[PDB]
Structures are given as C-alpha cells and as structure tokens.
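A.B. asks: I am attaching a structure below and will ask some questions about it afterwards.
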Amino acid sequence: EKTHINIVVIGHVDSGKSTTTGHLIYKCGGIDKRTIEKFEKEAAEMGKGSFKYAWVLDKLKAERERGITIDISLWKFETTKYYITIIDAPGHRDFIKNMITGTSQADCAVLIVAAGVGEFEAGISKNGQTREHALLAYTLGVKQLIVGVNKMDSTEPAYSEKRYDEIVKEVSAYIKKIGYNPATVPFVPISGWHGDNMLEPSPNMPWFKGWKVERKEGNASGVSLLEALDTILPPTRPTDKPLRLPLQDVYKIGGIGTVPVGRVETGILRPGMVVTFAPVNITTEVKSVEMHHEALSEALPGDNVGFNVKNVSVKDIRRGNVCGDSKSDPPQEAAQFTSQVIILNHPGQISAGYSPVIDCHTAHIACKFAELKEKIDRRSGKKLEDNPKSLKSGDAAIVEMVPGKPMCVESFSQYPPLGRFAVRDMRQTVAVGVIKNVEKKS
RNA sequence: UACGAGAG
C-alpha cells in the first residue's frame, strides 16, 4: 500500500541516464532475470549494439512517442519506502510537450552528472544540457532533486575525492544561484556500468563515508542510491499557503447579497477574513461561507464554496478575479509576464505582435506576444536561436506577453493552479505553456 | 477512461 512516486531522469546526452536507470531497475528486482535477458535480446535485434541497462530508459522514451502505449509495467519497481515509476526522460520528440502539458508529471528529478575526465566539463558547457535540464526542472516546480555523480570510475586516482568535491561545489554554487539549496540534494559517486555504490557501500570507495542532506524536515544521511530514492516525500495539497480563489461566478441571491463562487486552490478561506479581489483591488469582509448547505468554519483547498461578502456589488467583482488574503501575500495585477511555451498545430507562422486569447485559471484575456525572445529545441530543451524571426508548429520558445486588459496571474513554481495557461486561436489550441516570472503592477 | 492546457 506504499504511496506512489513519479521520477524523471534528466541529464546531458551520454551522461549515463539510460545506463544508470536500467541498472537500478535490474538491481531493484522489478523484473525477473529471464524477462530481462529476453528484452535485452529484443533490443539487440532491434538495434545494432549492446543495450545492457540501456534498453529500459530507451524503450520508455520510444514508447512515449506518437501516442503509442502498450505497457508500462516494466518501469514500476519497489524501494524500501515507496513504489517508484519511471515516467519520462529527455531525448524524444514529445518530451517538452509532455513536460509542459503535465501528461508526464514527476515528483522528483534524478540528475545524472557524468564525472570522468572531460564529462563534467562538457555537461555544463554552452552545448551542455545539464544547465538547461536543471533550469527546466526548477521551472516545472520539481523542487526535490537527486544528483547522481556517475561514471566516476575513470579518474586518476581511480575515485578522486577532490574531483567529487570539485563537481559538488561548482554544482552547489550554481544551483544556489538558480534556486535549489545544495544541502537538500544528495550527492553519490557512482558508475552506472559498474553498479557502484547503488545498494551497498562500494569497495572501491573507502573515502566516501556517506552522503548527508540537511532539510527543513530534518537531516538524513546514507551511502547508497536506494536510500536516496528513500529520501523522497509524498505529494500533498497546499493547505498551508496563502489563500488563492479564482472567481468562476458571482451571483445576487435575494435576501443574502453578492455571493462569489469558485474553488479554493491554495490556503484557507474562513468567515470574518478581510479578503482582497484582484486585479480590481477591492477589499471587503466575508460575511459567511457555505458548502453542502452547511456553514463552514474553514474552506480547504479543493472545496468549491460560495461565500457572501458585504458592501460589494455584483458589478464590482466578476469572473476571472483572484481572491486572496488581504494580509498574507495578497494578489496583485500583472503588468507583464515571461513564459515558456510550445507551439502546437498552427495554421501559419507566429510573429511579434501576435495577440491570441489566453486561458489562465478562470481568466479569458487577449495577450500580445510582445517579444519572441528565444527558440527552444522541443527534443532536449536546448537553446537553438535567440530572438527568432518567427515561430511555427513544433517550436518551443520563451516569449514575453503583455495583457491587453488587467489580468491576475502567478508563476507556475509558486502557485501552479495559476501559472499554466492555454493559447487558443479560432477553435484550435495553438500553444500551451507555463509562466516563469511575473511583473506585478503598482 | 471518454472530455479537458490542467484541476476534475
């Protein structure tokens, strides 16, 4: 009955994602040896070469393409604490689409960092995808990160302490820069080919006394990688964050008054709160909250409640408004926001000034594509062109949007229910993306 | 699961 966890394996090409994942699957005992050899021989027949530990993640990537799904029972294995399933990994056509749309959602990210001579340098170079992948993971809101320092068996001396520390520190400063505190990240020197250190201390690694992570939830320490997968925590509702409540409708009930209606996305709504409506900037008091024809002392995330407010007319507040706590991170109007989008099937080309309608939470406002900033490869997330001339179907890009009318939006990392939007033109959804940063208006 | 950018 162990709770389930979704894993995405990110990292630079040839850094050892597939090998590490496949060897982990082998050691975890999720697949019997006979079936393992059968699938190894199948892979050898399909492609020329040796696919030992490589057929697992490569097969997963190949089965996440062109909407063909036969079986996913192979990539489900059991740790001591959880049942963990490999979902997706970079290196296929639909990776970015699955990441942005959420069809492939992951609770924790396993960054495999190649660590031998020349590898750790290349992975973080201009052409390296390590930085791209970590930035994408942070953008998507995957705040739990595992760093596998892989193929370490290749230094001189064979397992260098200072090479490990070099990678660790130069990674740690950079992700302190982007937003992961290095203390919560477990670092483990491994070689996916050797199966080094995966489930028990490696005899080749006497100096690696163990890994230690310092988290707000408490410190944890270990040696092997299985324990790293055992450090993960379950998914949960945001019932401690500030209040956020998109307005779906506002009604005028005879003998009661104005009664906005919507679903609580984060935080708590209770009677007596002083609430602020954005972007209209209207502050009032909640007279009462009703759900299931009963008076509710508090409204939890997910509760679609209707609450009565005083001194506010129905013409004052409307659909698309975001309601929040007036004295705890209150909602505010968005002057502009920067988002990363992937262009779906579009009748033509997208240029600067393109102004489609944006559907964010319950809002429906036309936003102008002010600037076409960057063009991103949809296959690996690698930056291809800066300031592209135009965008077509299949192009991933980062653009700046200016709402044509007052709009209230949030970033995907902080308030996921209000950070993802859909771009629709005519009857077609031409693009879907997530918001990175928002410039709150005065 | 159909439907949906997602919640559902």
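Chain identifiers are assigned as A, B, and so on, following the order in which chains appear in the structure tokens; residues are numbered from 1 within each chain, and ligands are numbered from 1 in order of appearance.
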Using only C-alpha atoms (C1' of nucleotides), find which residues of chain A lie within 10 Å of chain B and jot them down as an MDAnalysis selection string.

C.D. replies: chainID A and resid 100:103 263 265 302 359:361 416:418 420:424 429 431:434

A.B. asks: What is the distance between CA of residue 403 in chain A and CA of residue 350 in chain A, in Å to one decimal?

C.D. replies: 17.3 Å

A.B. asks: Extract the full set of strand (DSSP E or B) residues from range 205-322 of chain A according to DSSP on the backbone, and format it as a VMD selection string.

C.D. replies: chain A and resid 211 to 213 220 to 222 244 to 246 249 to 253 257 to 263 266 269 274 to 278 282 to 291 294 to 295 299 304 to 309 322

A.B. asks: Take the residues from that selection and write them out as a CSV table (one decimal), in the first residue's frame, keeping N, CA and C atoms.

C.D. replies:
chain,number,residue,atom,x,y,z
A,211,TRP,N,26.8,10.2,2.2
A,211,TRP,CA,26.1,11.4,1.9
A,211,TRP,C,25.2,11.9,3.0
A,212,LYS,N,25.1,13.2,3.2
A,212,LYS,CA,24.2,13.8,4.2
A,212,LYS,C,23.4,15.0,3.6
A,213,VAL,N,22.1,15.0,3.8
A,213,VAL,CA,21.3,16.1,3.4
A,213,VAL,C,20.7,16.8,4.6
A,220,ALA,N,19.1,13.8,7.0
A,220,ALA,CA,19.1,12.4,6.7
A,220,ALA,C,20.5,12.1,6.0
A,221,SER,N,21.0,10.9,6.3
A,221,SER,CA,22.3,10.5,5.8
A,221,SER,C,22.3,9.1,5.3
A,222,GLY,N,23.2,8.8,4.4
A,222,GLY,CA,23.4,7.4,3.9
A,222,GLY,C,24.6,7.3,3.0
A,244,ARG,N,-5.8,31.5,-2.3
A,244,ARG,CA,-6.0,31.8,-3.7
A,244,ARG,C,-7.3,31.2,-4.1
A,245,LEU,N,-8.1,32.0,-4.8
A,245,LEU,CA,-9.5,31.5,-5.1
A,245,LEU,C,-10.0,32.2,-6.3
A,246,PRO,N,-9.8,31.6,-7.5
A,246,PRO,CA,-10.3,32.2,-8.7
A,246,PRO,C,-11.9,32.2,-8.7
A,249,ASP,N,-18.0,32.5,-10.8
A,249,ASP,CA,-19.3,33.2,-11.0
A,249,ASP,C,-19.5,34.1,-9.8
A,250,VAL,N,-20.3,35.1,-10.0
A,250,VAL,CA,-20.8,36.0,-8.9
A,250,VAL,C,-22.3,36.1,-9.0
A,251,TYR,N,-23.0,35.8,-8.0
A,251,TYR,CA,-24.5,35.7,-8.0
A,251,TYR,C,-25.1,36.8,-7.1
A,252,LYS,N,-26.3,37.2,-7.4
A,252,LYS,CA,-27.0,38.1,-6.5
A,252,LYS,C,-28.2,37.3,-5.9
A,253,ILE,N,-28.0,36.8,-4.7
A,253,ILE,CA,-29.1,36.0,-4.0
A,253,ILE,C,-30.0,36.9,-3.2
A,257,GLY,N,-27.3,38.7,-0.7
A,257,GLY,CA,-26.5,39.7,-1.4
A,257,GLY,C,-25.5,39.0,-2.4
A,258,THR,N,-24.4,39.7,-2.5
A,258,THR,CA,-23.4,39.2,-3.5
A,258,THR,C,-22.7,37.9,-3.0
A,259,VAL,N,-22.7,36.9,-3.8
A,259,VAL,CA,-22.2,35.6,-3.4
A,259,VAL,C,-21.2,35.1,-4.5
A,260,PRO,N,-19.9,35.5,-4.5
A,260,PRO,CA,-19.0,34.9,-5.4
A,260,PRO,C,-18.9,33.4,-5.2
A,261,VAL,N,-18.6,32.6,-6.3
A,261,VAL,CA,-18.5,31.2,-6.3
A,261,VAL,C,-17.2,30.8,-7.0
A,262,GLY,N,-16.5,29.8,-6.4
A,262,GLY,CA,-15.3,29.3,-7.0
A,262,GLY,C,-14.7,28.2,-6.2
A,263,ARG,N,-13.6,27.6,-6.7
A,263,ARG,CA,-12.9,26.6,-6.0
A,263,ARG,C,-11.6,27.2,-5.3
A,266,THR,N,-5.5,27.3,-3.0
A,266,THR,CA,-4.5,27.2,-2.0
A,266,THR,C,-5.0,27.9,-0.8
A,269,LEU,N,-10.0,29.7,3.5
A,269,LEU,CA,-11.0,30.8,3.5
A,269,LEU,C,-12.0,30.5,4.6
A,274,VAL,N,-10.7,39.3,6.0
A,274,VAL,CA,-10.7,40.5,5.2
A,274,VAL,C,-9.9,40.1,3.9
A,275,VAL,N,-10.7,40.0,2.8
A,275,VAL,CA,-10.2,39.5,1.5
A,275,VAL,C,-10.1,40.6,0.5
A,276,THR,N,-9.1,40.4,-0.4
A,276,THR,CA,-8.9,41.4,-1.5
A,276,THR,C,-9.1,40.7,-2.8
A,277,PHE,N,-9.8,41.4,-3.7
A,277,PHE,CA,-10.0,40.9,-5.1
A,277,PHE,C,-9.1,41.6,-6.1
A,278,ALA,N,-8.4,40.8,-6.8
A,278,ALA,CA,-7.5,41.3,-7.9
A,278,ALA,C,-8.0,40.9,-9.3
A,282,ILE,N,-10.2,45.4,-4.7
A,282,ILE,CA,-11.4,45.6,-3.8
A,282,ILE,C,-11.2,44.8,-2.6
A,283,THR,N,-11.3,45.4,-1.4
A,283,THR,CA,-11.1,44.7,-0.1
A,283,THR,C,-12.4,44.8,0.7
A,284,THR,N,-12.9,43.7,1.2
A,284,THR,CA,-14.1,43.6,2.0
A,284,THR,C,-14.0,42.5,3.0
A,285,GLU,N,-15.1,42.3,3.7
A,285,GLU,CA,-15.1,41.2,4.7
A,285,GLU,C,-16.1,40.1,4.3
A,286,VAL,N,-15.7,38.9,4.6
A,286,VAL,CA,-16.5,37.7,4.2
A,286,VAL,C,-17.5,37.5,5.3
A,287,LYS,N,-18.8,37.7,5.0
A,287,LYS,CA,-19.9,37.5,6.0
A,287,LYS,C,-20.0,36.1,6.4
A,288,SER,N,-20.0,35.1,5.4
A,288,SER,CA,-20.2,33.7,5.8
A,288,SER,C,-19.7,32.9,4.6
A,289,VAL,N,-19.4,31.6,4.9
A,289,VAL,CA,-19.0,30.7,3.9
A,289,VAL,C,-19.9,29.4,4.0
A,290,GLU,N,-20.5,29.0,2.8
A,290,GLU,CA,-21.5,27.9,2.8
A,290,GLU,C,-21.0,26.9,1.8
A,291,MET,N,-21.1,25.6,2.2
A,291,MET,CA,-20.8,24.5,1.4
A,291,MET,C,-21.7,23.3,1.8
A,294,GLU,N,-24.3,23.9,4.4
A,294,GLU,CA,-23.9,23.9,5.8
A,294,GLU,C,-22.9,25.1,6.0
A,295,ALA,N,-22.9,25.7,7.2
A,295,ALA,CA,-22.0,26.7,7.5
A,295,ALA,C,-20.6,26.1,7.7
A,299,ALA,N,-12.6,26.8,4.8
A,299,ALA,CA,-12.6,26.2,3.5
A,299,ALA,C,-11.2,25.7,3.1
A,304,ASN,N,-15.2,23.7,-3.4
A,304,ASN,CA,-15.9,24.7,-4.3
A,304,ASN,C,-17.0,25.3,-3.4
A,305,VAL,N,-16.7,26.5,-2.9
A,305,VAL,CA,-17.6,27.1,-1.9
A,305,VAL,C,-18.2,28.4,-2.4
A,306,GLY,N,-19.3,28.8,-1.9
A,306,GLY,CA,-19.9,30.1,-2.2
A,306,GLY,C,-20.0,30.9,-0.9
A,307,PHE,N,-19.3,32.0,-0.9
A,307,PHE,CA,-19.2,32.9,0.3
A,307,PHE,C,-19.8,34.2,0.0
A,308,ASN,N,-20.6,34.8,1.0
A,308,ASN,CA,-21.2,36.1,0.9
A,308,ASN,C,-20.3,37.2,1.5
A,309,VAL,N,-20.2,38.3,0.7
A,309,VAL,CA,-19.4,39.4,1.1
A,309,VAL,C,-20.3,40.6,1.2
A,322,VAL,N,-9.1,37.0,-8.9
A,322,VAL,CA,-8.4,36.1,-8.0
A,322,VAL,C,-8.5,36.7,-6.6

A.B. asks: With only C-alpha atoms (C1' of nucleotides) as the counted atoms, please give the residues lying no more than 12 Å from residue 113 in chain A, apart from itself and same-chain residues fewer than 4 positions off, as a VMD selection string.

C.D. replies: chain A and resid 9 to 17 20 118 to 124 128 to 131 133 to 134 146 to 152 164 167 to 168 171 187 to 192

A.B. asks: Can you tell me how far CA of residue 158 in chain A sits from CA of residue 198 in chain A, in Å to one decimal?

C.D. replies: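 Atom-to-atom, CA of residue 158 in chain A to CA of residue 198 in chain A, that is 17.6 Å.
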
A.B. asks: Quick one: pull the distance between CA of residue 37 in chain A and CA of residue 61 in chain A, Å, one decimal.

C.D. replies: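 Rounded to one decimal, the two atoms are 19.5 Å apart.
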
A.B. asks: I want to know what sits within 10 Å of range 68-85 of chain A, based on only C-alpha atoms (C1' of nucleotides), with residues of the same chain fewer than 6 positions away left out; could you give that as a VMD selection string?

C.D. replies: chain A and resid 1 to 8 21 to 22 24 to 31 35 to 36 56 to 57 59 to 60 62 106 to 107 226 to 227 229 to 234

A.B. asks: Store the residues picked out above, limited to N, CA and C atoms, as a short mmCIF file (atom, residue, chain, number, x, y, z; two decimals), in the first residue's frame.

C.D. replies:
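File written: part-v4.cif
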data_model
loop_
_atom_site.label_atom_id
_atom_site.label_comp_id
_atom_site.auth_asym_id
_atom_site.auth_seq_id
_atom_site.Cartn_x
_atom_site.Cartn_y
_atom_site.Cartn_z
N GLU A 1 0.82 -1.20 0.00
CA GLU A 1 0.00 0.00 0.00
C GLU A 1 0.86 1.26 0.00
N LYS A 2 2.15 1.10 -0.31
CA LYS A 2 3.06 2.24 -0.29
C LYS A 2 2.63 3.29 -1.31
N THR A 3 2.74 4.55 -0.92
CA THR A 3 2.37 5.64 -1.81
C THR A 3 3.30 5.68 -3.01
N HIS A 4 2.77 6.14 -4.14
CA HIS A 4 3.48 6.11 -5.41
C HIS A 4 4.22 7.42 -5.65
N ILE A 5 5.34 7.31 -6.37
CA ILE A 5 6.19 8.45 -6.70
C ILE A 5 6.57 8.37 -8.17
N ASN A 6 6.57 9.52 -8.84
CA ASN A 6 6.94 9.62 -10.24
C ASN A 6 8.33 10.24 -10.37
N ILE A 7 9.16 9.65 -11.22
CA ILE A 7 10.55 10.04 -11.38
C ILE A 7 10.81 10.40 -12.84
N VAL A 8 11.49 11.53 -13.05
CA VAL A 8 12.02 11.92 -14.35
C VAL A 8 13.54 11.96 -14.25
N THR A 21 19.62 4.18 -14.99
CA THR A 21 18.23 3.79 -14.76
C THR A 21 18.04 2.29 -14.96
N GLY A 22 18.60 1.75 -16.04
CA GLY A 22 18.44 0.33 -16.31
C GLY A 22 19.10 -0.55 -15.27
N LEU A 24 19.67 0.30 -12.16
CA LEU A 24 18.84 0.44 -10.97
C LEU A 24 17.62 -0.47 -11.06
N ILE A 25 16.98 -0.52 -12.23
CA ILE A 25 15.84 -1.41 -12.42
C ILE A 25 16.26 -2.86 -12.21
N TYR A 26 17.41 -3.24 -12.78
CA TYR A 26 17.89 -4.61 -12.61
C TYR A 26 18.08 -4.94 -11.13
N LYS A 27 18.81 -4.10 -10.41
CA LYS A 27 19.13 -4.40 -9.02
C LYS A 27 17.89 -4.37 -8.13
N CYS A 28 16.94 -3.49 -8.44
CA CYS A 28 15.72 -3.37 -7.65
C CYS A 28 14.85 -4.62 -7.72
N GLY A 29 15.11 -5.52 -8.66
CA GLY A 29 14.33 -6.74 -8.74
C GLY A 29 12.94 -6.57 -9.29
N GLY A 30 12.66 -5.44 -9.95
CA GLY A 30 11.34 -5.23 -10.52
C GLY A 30 11.02 -6.14 -11.69
N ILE A 31 12.04 -6.66 -12.36
CA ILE A 31 11.87 -7.56 -13.50
C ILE A 31 12.73 -8.79 -13.27
N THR A 35 13.07 -12.40 -18.11
CA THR A 35 12.48 -11.34 -18.91
C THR A 35 13.50 -10.25 -19.22
N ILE A 36 14.42 -9.99 -18.28
CA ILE A 36 15.47 -9.00 -18.53
C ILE A 36 16.30 -9.42 -19.74
N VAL A 56 16.10 -0.17 -21.04
CA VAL A 56 14.98 0.23 -20.19
C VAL A 56 14.54 1.65 -20.51
N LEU A 57 15.43 2.62 -20.29
CA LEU A 57 15.05 4.02 -20.49
C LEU A 57 14.87 4.34 -21.97
N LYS A 59 13.70 2.25 -24.20
CA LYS A 59 12.38 1.71 -24.52
C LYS A 59 11.28 2.61 -23.96
N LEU A 60 11.47 3.14 -22.75
CA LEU A 60 10.49 4.07 -22.20
C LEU A 60 10.34 5.30 -23.09
N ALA A 62 11.04 5.50 -26.29
CA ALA A 62 10.46 5.11 -27.57
C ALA A 62 8.96 4.84 -27.44
N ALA A 106 6.19 14.44 -12.76
CA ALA A 106 7.18 13.79 -11.92
C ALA A 106 7.27 14.51 -10.59
N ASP A 107 7.41 13.73 -9.52
CA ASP A 107 7.52 14.29 -8.17
C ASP A 107 8.96 14.60 -7.79
N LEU A 226 19.76 3.70 -3.37
CA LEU A 226 18.43 3.29 -2.94
C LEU A 226 17.95 4.16 -1.79
N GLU A 227 18.83 4.44 -0.83
CA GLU A 227 18.48 5.34 0.26
C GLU A 227 18.12 6.72 -0.27
N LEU A 229 16.67 7.39 -3.13
CA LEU A 229 15.27 7.27 -3.53
C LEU A 229 14.34 7.16 -2.33
N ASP A 230 14.86 6.70 -1.19
CA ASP A 230 14.07 6.62 0.04
C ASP A 230 13.99 7.95 0.78
N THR A 231 14.73 8.97 0.36
CA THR A 231 14.63 10.28 0.99
C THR A 231 13.39 11.06 0.55
N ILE A 232 12.70 10.61 -0.50
CA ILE A 232 11.62 11.38 -1.10
C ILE A 232 10.41 11.45 -0.16
N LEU A 233 9.57 12.47 -0.37
CA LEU A 233 8.36 12.70 0.41
C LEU A 233 7.13 12.71 -0.50
N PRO A 234 5.94 12.42 0.03
CA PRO A 234 4.76 12.23 -0.82
C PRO A 234 4.23 13.54 -1.38
#

A.B. asks: Name all residues at most 12 Å from residue 406 in chain A (count only C-alpha atoms (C1' of nucleotides); drop same-chain ones fewer than 3 positions away) and give them as a list in words.

C.D. replies: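 So, after excluding close chain neighbours, the residues are residues 278, 279, 280, 281, 320, 321, 322, 332, 333, 334, 335, 336, 363, 364, 365, 366, 367, 402, 403, 409, 440, 441 and 442 of chain A.
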
A.B. asks: Export, as a PDB file, in the first residue's frame, the selected residues with C-alpha atoms.

C.D. replies:
ATOM      1  CA  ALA A 278      -7.509  41.293  -7.865  1.00  0.00           C
ATOM      2  CA  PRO A 279      -6.944  42.972 -10.263  1.00  0.00           C
ATOM      3  CA  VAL A 280      -9.931  45.160  -9.322  1.00  0.00           C
ATOM      4  CA  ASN A 281      -8.250  45.923  -5.959  1.00  0.00           C
ATOM      5  CA  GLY A 320     -11.529  35.816 -13.674  1.00  0.00           C
ATOM      6  CA  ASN A 321     -10.874  37.676 -10.424  1.00  0.00           C
ATOM      7  CA  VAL A 322      -8.381  36.143  -7.998  1.00  0.00           C
ATOM      8  CA  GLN A 332      -1.948  41.785  -7.443  1.00  0.00           C
ATOM      9  CA  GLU A 333      -2.359  42.811 -11.067  1.00  0.00           C
ATOM     10  CA  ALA A 334       0.208  41.608 -13.612  1.00  0.00           C
ATOM     11  CA  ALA A 335       1.707  44.294 -15.848  1.00  0.00           C
ATOM     12  CA  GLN A 336       3.508  41.638 -17.906  1.00  0.00           C
ATOM     13  CA  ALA A 363      -9.482  34.244 -16.865  1.00  0.00           C
ATOM     14  CA  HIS A 364     -10.014  34.858 -20.595  1.00  0.00           C
ATOM     15  CA  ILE A 365      -7.988  37.848 -21.820  1.00  0.00           C
ATOM     16  CA  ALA A 366      -6.135  38.514 -25.066  1.00  0.00           C
ATOM     17  CA  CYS A 367      -2.381  38.904 -24.559  1.00  0.00           C
ATOM     18  CA  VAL A 402       1.507  41.916 -22.283  1.00  0.00           C
ATOM     19  CA  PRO A 403      -2.137  41.518 -21.167  1.00  0.00           C
ATOM     20  CA  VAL A 409      -1.581  35.616 -12.981  1.00  0.00           C
ATOM     21  CA  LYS A 440       3.425  42.701 -10.512  1.00  0.00           C
ATOM     22  CA  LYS A 441       1.816  46.045 -11.303  1.00  0.00           C
ATOM     23  CA  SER A 442       1.831  49.035  -8.958  1.00  0.00           C
TER      24      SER A 442
END
